[PDB]
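Contents: one structure, followed by commentary.
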Amino acid sequence: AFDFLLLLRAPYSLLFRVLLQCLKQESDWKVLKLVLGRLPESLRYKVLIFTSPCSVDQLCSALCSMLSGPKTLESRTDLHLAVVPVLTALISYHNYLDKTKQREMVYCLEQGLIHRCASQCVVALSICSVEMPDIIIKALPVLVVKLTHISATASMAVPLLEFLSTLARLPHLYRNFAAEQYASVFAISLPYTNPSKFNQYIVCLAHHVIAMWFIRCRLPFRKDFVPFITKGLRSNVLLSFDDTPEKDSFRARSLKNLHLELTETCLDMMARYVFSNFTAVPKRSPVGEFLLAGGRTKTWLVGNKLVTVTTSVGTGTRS
Amino acid sequence: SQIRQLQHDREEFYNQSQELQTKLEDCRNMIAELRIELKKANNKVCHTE
Amino acid sequence: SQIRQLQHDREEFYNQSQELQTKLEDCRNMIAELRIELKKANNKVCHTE
Amino acid sequence: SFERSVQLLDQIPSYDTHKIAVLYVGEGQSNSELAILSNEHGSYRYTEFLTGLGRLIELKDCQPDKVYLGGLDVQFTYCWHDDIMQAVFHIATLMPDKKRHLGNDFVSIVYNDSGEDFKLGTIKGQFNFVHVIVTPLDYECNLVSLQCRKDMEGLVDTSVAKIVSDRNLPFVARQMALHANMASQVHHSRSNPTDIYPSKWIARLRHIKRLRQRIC
């Protein structure tokens, strides 16, 4: 029955209460998982709800209703890991989904973080954020606080960074914050920078998101994390090699070779963007060119930096 | 066989009528895009000013 | 005799369908380059603006 | 010698590059090699998505060399700038060549507009590793998914579909696309071709260390 009735592409809203009922009581057999697999495509084709006058809310509630409770086990891990996809697909309708119910389902996802897994949950969180960020606005802080405790899982390694990045590209959402948010973000990111454990893809992505958040990070309270950051960095080079892994954090003054290059580039970017932001492209005003055109020049390499000096000879004047 | 193919060709002419009327609607939307093109031509003249 | 009748009806349906699809053909062939020229001119106006 | 090292070393921008490619499919154009790169025209939703992708761009000469070979000759060559990621789009409608350019990119965009499914077999390509299929729907909400080249799905998950409304599909689309491009560059580099590392910063740092080694 379920198989056939879920294929309507031209008599409606009856099957709606039918579904409501069959999910309401828990048949406690594979038929449960069977209808749960019948759901997601019905959500792909959750298109005829143009007829159903927003009764989906109740099933959504029913969803969260059967999210927790022994009345489900009257497979529970699979129960969660399959109901999370269906509410995931459900999240599309930001409008008809009740506002307080959206708050509720956000809390459901928040509790689905601490779980057997939440990869699906966290990517759905990214989606709901881009979709109904107004709702996430309140959950964001405690969300990240709990996220502090995922403990360097190579499994969720990718989706976390993905979500952090996506969020960062949404400034107006986090338009206001405070230090602890960014501090927690960096603490979460840092361990994912292992030179051996995680992926080179994961490594480079981690450095990218670190950099871009640190950019999006407020100019005030920007230097704060800098030692912690390089601490978080030097604490990722703990035992990979320690030739010259010294602190060198400028708070005082103010193969594993790839790992060294990583540390180099990251702290250099920070130094470049600490204390202010500035595009990395110079273009001299015409006056400069006129003055030093063809000027006598000289370039040196003090260290990994490339210094260049040029001197005018009054070309334009004699012109 | 003959009656079955008659029904076949019936549904064929039917979907043909469907695509024909929807094609007339598409040409309607085409001339609507043309009217928007003339709106952009009003924009052309103010632009050349 | 039933065979004759059904065959004649199918042939007439065939004539109808062929002429309808030629109509569809010509109108689609005009519509394509119509919208092409429209969008070309309009986006060029956008560029100039 | 060191002078020309300084020229080439200076070249590589501190702004990470992103050559991306956009496609379009139609009913007749479904599962077609000579009909996918043929049409210089797409759908209405396709066009509004395209103009929503990035902001206006022109390929004039007064602008610096910050544009790549794709979009050098013929036409809006839509792009999107940011702190370190530059994104050239290579619209399938803006080559008038196109096969030589669209195929070369590691990742591409494919707007599933016909109504049937889709596979990589549509175009042989050059390194078109991962695809991202996006399909419309009755209302504004539209579906998005991604496909591997059966070789790197371990690196990039594939069972990732999602619904997204109009004013949010371009952003999330380009986002996951950039993720895929990252994956592809990491894969190529993982093949150890001693080529430009994706992290252009560490790239030019290697450049400088190479200068150092050259002197001593």
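Residue numbers (the entry's author numbering), protein chains in the order written: chain R, 614 to 623, 685 to 748, 758 to 937, 1015 to 1079; chain B, 777 to 825; chain L, 777 to 825; chain G, 1526 to 1599, 1605 to 1626, 1636 to 1755.
For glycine and all other residues, C-beta sits at the position ideal for the given N, C-alpha and C.
Exposed unless 16 or more other CB atoms sit within 10 angstroms - verdict on residue i
| i | result |
| --- | --- |
| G1074/R | exposed |
| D1644/G | buried |
| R905/R | buried |
| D1652/G | buried |
| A840/R | buried |
| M1030/R | buried |
| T798/L | exposed |
| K1663/G | exposed |
| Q695/R | exposed |
| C811/R | buried |
| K720/R | buried |
| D785/B | buried |
| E1573/G | exposed |
| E814/R | buried |
| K1701/G | buried |
| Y790/L | exposed |
Amino acids of chain B, ordered along the chain, whose beta-carbon sits closer than 9 Å to that of residue i
| i | result |
| --- | --- |
| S793/L | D785, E788, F789 and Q792 |
Same chain only: Cβ atoms within 8 Å of residue i, ignoring 5 sequence neighbours per side
| i | result |
| --- | --- |
| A1617/G | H1543, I1545, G1579, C1609, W1610, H1611, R1713 and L1717 |
| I898/R | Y1033 and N1037 |
| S1738/G | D1541 |
| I871/R | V827, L830, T831, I833, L843 and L847 |
| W1740/G | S1539 |
| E1558/G | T1661, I1662 and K1663 |
8 Å Cβ cut-off: residues of chain L touching residue i
| i | result |
| --- | --- |
| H1620/G | Ordered by position in chain L, no residue passes the 8 Å Cβ test against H1620/G, which lies about 17 Å from the chain. |
| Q797/B | Going along chain L, no residue has its Cβ under 8 Å from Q797/B, so there is no contact; the nearest lies around 11 Å. |
Residues near residue i by beta carbon distance below 6 Å, same chain, minus five either side
| i | result |
| --- | --- |
| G1567/G | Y1549 |
| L873/R | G915 |
| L618/R | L689 |
| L1051/R | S1072 |
| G1551/G | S1653 |
| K1638/G | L1562 |
| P910/R | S932 and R934 |
| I797/R | none |
| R917/R | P928 |
Contacts that residue i makes with chain G (C-beta to C-beta distance below 9 Å)
| i | result |
| --- | --- |
| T1025/R | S1738, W1740, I1741 and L1744 |
| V767/R | Near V767/R there are no residues of chain G at all, since even the closest Cβ is about 13 Å away, more than 9 Å. |
Neighbouring residues, chain G, relative to residue i (Cβ below 7 Å)
| i | result |
| --- | --- |
| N1064/R | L1744 and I1747 |
| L888/R | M1721 |
| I898/R | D1613 |
Cross-chain neighbours of residue i in chain G, by beta carbon under 8 Å
| i | result |
| --- | --- |
| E814/R | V1703, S1704 and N1707 |
| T849/R | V1711 and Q1714 |
| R712/R | Near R712/R there are no residues of chain G at all, since even the closest Cβ is about 16 Å away, more than 8 Å. |
Contact list for residue i against chain R, beta-carbon separation under 7 Å
| i | result |
| --- | --- |
| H1718/G | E845 |
| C1680/G | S775 |
| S1539/G | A1040 |
| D1677/G | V721 |
| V1649/G | Under the 7 Å cutoff, chain R gives no residues; its nearest Cβ is about 19 Å from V1649/G. |
Neighbouring residues, chain L, relative to residue i (Cβ below 9 Å)
| i | result |
| --- | --- |
| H1726/G | Neighbours of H1726/G on chain L: none; closest Cβ ~37 Å, over 9 Å. |
Beta-carbon proximity list for residue i, same chain, < 7 Å, skipping 5 on both sides
| i | result |
| --- | --- |
| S729/R | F690 |
| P824/R | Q864 |
| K1058/R | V1069 |
| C1587/G | none |
| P1709/G | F1574, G1577 and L1578 |
Under 8 Å by beta carbon: chain R residues contacting residue i
| i | result |
| --- | --- |
| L1750/G | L1061 |
Amino acids of chain R, ordered along the chain, whose beta-carbon sits closer than 9 Å to that of residue i
| i | result |
| --- | --- |
| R1729/G | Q883 and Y884 |
| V1531/G | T1059, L1066 and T1068 |
Residues within the stretch 1685-1708 of chain G neighbouring chain R, beta-carbon criterion of under 9 Å: Under the 9 Å Cβ criterion, the stretch 1685-1708 of chain G contributes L1694, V1695, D1696, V1699, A1700, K1701, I1702, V1703, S1704 and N1707.
Contact residues within the stretch 803-825 of chain B, judged by C-beta distance below 8 Å to chain L: So the list reads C803, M806, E809, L810, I812, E813, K816, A817, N819, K820 and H823, given in the order they occur along the chain.
Minimum length 4: unbroken alpha helix (DSSP H) runs contained in the stretch 1683-1744 of chain G: Correct list: 1708-1729.
Alpha helix (DSSP H) runs wholly inside the stretch 1529-1587 of chain G, at least 4 long, in chain order: Complete alpha helix (DSSP H) runs here, min 4: 1569-1578.
Alpha helix (DSSP H) runs contained entirely in the stretch 834-896 of chain R, provided each spans 4 or more residues: The DSSP assignment places complete alpha helix (DSSP H) segments of no fewer than 4 residues inside the stretch 834-896 of chain R at 840-851 and 862-872, in order along the chain.
Runs of alpha helix (DSSP H) wholly within the stretch 897-928 of chain R (minimum 4 residues, chain order): If we require 4 residues or more, the alpha helix (DSSP H) runs fully inside the stretch 897-928 of chain R come out as 908-917.
Members of the stretch 875-886 of chain R near chain G, C-beta cut-off 8 Å: Taking 8 Å as the upper bound on Cβ-Cβ separation, chain G lies near residues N882, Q883 and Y884 of the stretch 875-886 of chain R.
Contacting positions in the stretch 1566-1588 of chain G - beta carbon closer than 7 Å to chain L: When C-beta distances to chain L are compared with 7 Å, the residues of the stretch 1566-1588 of chain G below that value are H1566, in chain order.
Complete beta strand (DSSP E) runs within the stretch 1016-1078 of chain R (minimum length 3 residues, chain order): Runs of the beta strand (DSSP E) lying entirely within the stretch 1016-1078 of chain R, each at least 3 residues long, are 1056-1060 and 1067-1071 in chain order.
Residues in the stretch 906-918 of chain R having any Cβ partner in chain G nearer than 7 Å: Here the close residues number zero.
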